[PDB]
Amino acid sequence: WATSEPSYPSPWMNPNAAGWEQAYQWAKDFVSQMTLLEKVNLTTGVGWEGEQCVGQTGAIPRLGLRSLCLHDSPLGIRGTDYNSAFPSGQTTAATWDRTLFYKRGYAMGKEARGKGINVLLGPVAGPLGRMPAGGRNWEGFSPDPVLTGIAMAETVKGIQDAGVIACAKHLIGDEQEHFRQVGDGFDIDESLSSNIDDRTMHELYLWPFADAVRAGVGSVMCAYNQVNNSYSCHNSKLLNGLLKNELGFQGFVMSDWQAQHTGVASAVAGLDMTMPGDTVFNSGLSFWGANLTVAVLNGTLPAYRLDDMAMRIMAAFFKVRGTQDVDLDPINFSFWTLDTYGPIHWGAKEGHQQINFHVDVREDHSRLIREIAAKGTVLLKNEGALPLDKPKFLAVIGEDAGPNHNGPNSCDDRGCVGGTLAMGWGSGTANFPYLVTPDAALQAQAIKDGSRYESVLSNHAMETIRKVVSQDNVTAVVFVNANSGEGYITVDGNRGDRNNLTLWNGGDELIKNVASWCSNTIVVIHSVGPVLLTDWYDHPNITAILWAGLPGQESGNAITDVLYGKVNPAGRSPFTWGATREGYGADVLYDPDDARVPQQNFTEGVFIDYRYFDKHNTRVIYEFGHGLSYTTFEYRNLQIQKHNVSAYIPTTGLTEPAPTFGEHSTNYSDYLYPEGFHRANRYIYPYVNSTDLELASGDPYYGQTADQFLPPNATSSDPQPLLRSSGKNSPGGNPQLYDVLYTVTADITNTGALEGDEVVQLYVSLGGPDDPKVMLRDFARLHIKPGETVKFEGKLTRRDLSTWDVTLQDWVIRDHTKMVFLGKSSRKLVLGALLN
């Protein structure tokens, strides 16, 4: 069995780090004036359903700070009205456009701010996408680390310039939604452990988080799963050794809802804030809260650690926002209802006022949502069918093309299929302000165009369909979908995770039938991820296939732009379209197989998605980074310019000893509930109810000093040595990792008749017997006019060419023959040269 090695003590903030020096100072000037009670309020959630947002902290009224509001989603504001619904992160990734990564972020952030949210619970790098059938991979960006890391840095930078606090979501493992928690139909004693060896962790799953740390993300969420059999929220090597030690993360770490299962041990493991605060939803008891105060008071949790917890939360707050002000606008919505009036303490039915204000907060974001959705559509196949000109008879076919007869928001958290699919289910959702359905957008295009339009919005009226598409001169566009979501909603026996990689609602045989009766058949797929196209992609009557992903509120208008050439395709697949499911290598584990704790050995190593296909030459139908245009592009004249140099010297030194900020009284009666006080039911408070700390806690396991149940040095205050693989005041790793060793340029020439975008992609091969054949390392999206030639330049950093040595515990550049390639895809590599 795998074990998680201990890394202690929990690193405290560096006052000279990166872009936090000022935010550190302002936090220092603020937490210094906090009582122990107030520190426990900022770190402990009020309990599930306790307030307005999906998570809220204790307030600090004496210092003028209201409760902090934390809320979903990574694609728009969840559970409220007059928000926008942006396209998924997966689809956004498919644009391969950093500008759009950022614009979507700043967009989402501005809406969260307008509602009064202080922490937006996004963007997502866990799951990265280890298995195509994973329930939530669509919330992320790509199974590929470089594209995902770029998308994260850019989305985080957007969210926070708005500016609310961004949250790098689900720290590592959690590539699957089965067994993420316990119970729920299965007999497992603990959550699944995904076990990841050290090299895999550094150059695959942690890679994007590094990028989020280096971009300045204010918070990080730990995940429900264990890693080497200790929950990510109790994990020393992960939270202390990797995130806060090596990458030097300066912000605060919050828990996934009910992901914390221990109090003090979790605090020194690295957890700064527990959410929504209970031990368990509606239980009224906390592993922190009252337990947190008696932990300091009885000596076993060092004072410096709770000050660090406070320092991190308040530093994040001050890093965004950018003024020393606290003092926020009111939280103007409520998550638990849409009613205008209701209990502000929803769970307890206490505090009946106006909790919903219906603030339009939408701006003109529909322009951006429609642009991203179109520029993120992938044109998979095009045998002379597209763009559509003025078809005499256009016939749209499929349920996915129509309205949910029950309305766009009929199902809470999007937990059902019906009509068009524009969004997966789970927390990663928002309500649509409207949902432009393809039927309506295409019909209106055809009418303006003078065409004849008929639609059959069913997957099963077969003879009805036949009569429609058999007629002379028919252009048939057929809409099919596949879905997944978070594990707490089962839609048609899919327990969050996809059961299989085929289309839902019999889309396969719907396509096979339409292609059977019509010679110009176009397939559009709305889906959470790849679907096996094997039985029908090469049909001679299917003349084009497009993947439009999860486009959000403007899905209809976006696919019309692409079909009629208003927007020229360019979108590249953020994943591989394989022929079998075994061809992807790793797979979801749907059954614990009598095991008490399901174990997931990540023995595929760094070989997920296209890396796996390329290594074992399993069959690929559309490769990673594939996408077509209505024009053509000629790559010529490769140039690699090598910068000298600067030797990679280690890092190096010794930190400052753990500080204290403010003081705490030792008169236990100071922490009793104030005399008049009224306890909202099940609300999580910081006050003790007995001057007997053992009784105050009510923990039946009470009474051991830190040396009896915490590992060595777990509370140590002494200066700690600096890790070889970090930078001194440089969060993200040894800053020489990001020196540019090579500049790579080619000449990209549009050779078609229509203007368009091109997604030049940069791949490297690091020699190496255990290495992939190609790894993506840079990319660029260029706009080129028909006659034009354009200079693409890419960069390769010292990290870009490195392997993680575990003996050395750093990054090295081994002495293997190494090469760089430029391609139109993972496989369509047209230029290559030796890196000298």
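Note that residue numbering follows the sequence shown and begins at 1.
Colleague: Per the entry, where is the mean C-alpha temperature factor higher: 363 to 371 or 672 to 680?
Modeller: 672 to 680 has the higher mean C-alpha B-factor.
Colleague: Take the C-alpha B-factors listed in the entry for 683 to 691 and for 723 to 731, compute each mean, and give the stretch with the larger one.
Modeller: If you average the C-alpha B-factors of 683 to 691 and of 723 to 731, the larger mean comes out for 723 to 731.
Colleague: For the C-alpha B-factor as written in the entry, point me to the maximum among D174, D561, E758, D327.
Modeller: Within the set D174, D561, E758, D327, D327 shows the top C-alpha B-factor.
Colleague: Of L754, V468, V396, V588, which one's C-alpha B factor is largest in the deposited record?
Modeller: That would be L754.
Colleague: Looking at the entry's B-factor column for C-alpha atoms only, identify whether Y701 ranks in the lowest, middle or highest third of its chain.
Modeller: Tercile = highest for this residue's CA B-factor.
Colleague: Place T789 in the lowest, middle or highest third of its chain's C-alpha B-factors, as listed in the PDB entry.
Modeller: Within its chain, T789 is a highest-third residue by C-alpha B-factor, going by the deposited values.
Colleague: Taking the chain's C-alpha temperature factors as the reference, tell me which third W336 falls into: lowest, middle or highest.
Modeller: Ranked within chain, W336 CA B lands in the lowest tercile.
Colleague: Where does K390 sit by CA temperature factor within its chain: lowest, middle or highest third?
Modeller: Middle third - that is where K390 ends up once the chain's C-alpha B-factors are sorted.
Colleague: Classify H202 as lowest, middle or highest third according to the C-alpha B-factor given in the PDB entry, relative to its own chain.
Modeller: Highest third.
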